[PDB]
């Protein structure tokens, strides 16, 4: 369990809902890349990885196909034991120290996501935001649950309230985590 560097080559995910799937590689808790299974392309998270590293997207499509085949057999073996919804933990914090004028990024850490089906959206003064919103894939955890991170590139003003709307089956109402400078 104890090691200098922990890596995952990779995190193979498939679920009955959709049916949707995910394939990504991780190193020391950070995502290297994710394979866009529909577009059949490898999307690297760093500019350094895009220039010096490559991955065959065919490996992901074949692995998810094995996962699709394996899931159906284990459902019958478990006697249709469905996944129980978990209460997620939402935390909102800035990337750099907040200073009016300097460009900053708002991070919305959504921990303990199970099953991996979540809607993370941003709200500024009650209005939905889509501009400058980036989202990472489902990052694996040791307890076999997931965590997703959402970003919001903004400029802190004199009066501008921000909220992170998280929609999950583990919650009856969408959880809102407020943030203000």
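Positions refer to the first chain, counted from 1.
Student: Between 172-180 and 2-10, which has the higher average C-alpha B-factor in the PDB entry?
Tutor: 172-180 has the higher mean C-alpha B-factor.
Student: Out of 96-104 and 83-91, which stretch has the higher average CA B-factor listed in the record?
Tutor: Between 83-91 and 96-104, it is 96-104 that shows the higher mean C-alpha B-factor.
Student: Taking the Cα B-factors listed in the entry, which of 67, 37, 46, 129 comes out highest?
Tutor: Highest C-alpha B-factor among the listed residues goes to 129.
Student: Using the temperature factors in the entry, find which of 52, 55, 147, 122 has the highest value at its Cα atom.
Tutor: Out of 52, 55, 147, 122, the record gives the largest C-alpha B-factor to 122.
Student: Ordered by C-alpha B-factor within the chain, which third holds residue 17? Give me lowest, middle or highest, please.
Tutor: Its C-alpha B-factor belongs to the middle third of this chain's values.
Student: Ordered by C-alpha B-factor within the chain, which third holds residue 29? Give me lowest, middle or highest, please.
Tutor: It belongs to the lowest third of the chain when residues are ordered by C-alpha B-factor.
Student: What third of the chain, by the recorded C-alpha B-factor, contains residue 137?
Tutor: Within its chain, residue 137 is a middle-third residue by C-alpha B-factor, going by the deposited values.
Student: Which third of the chain does residue 61 land in by C-alpha B-factor: lowest, middle or highest?
Tutor: Lowest third of the chain for residue 61's C-alpha B-factor.
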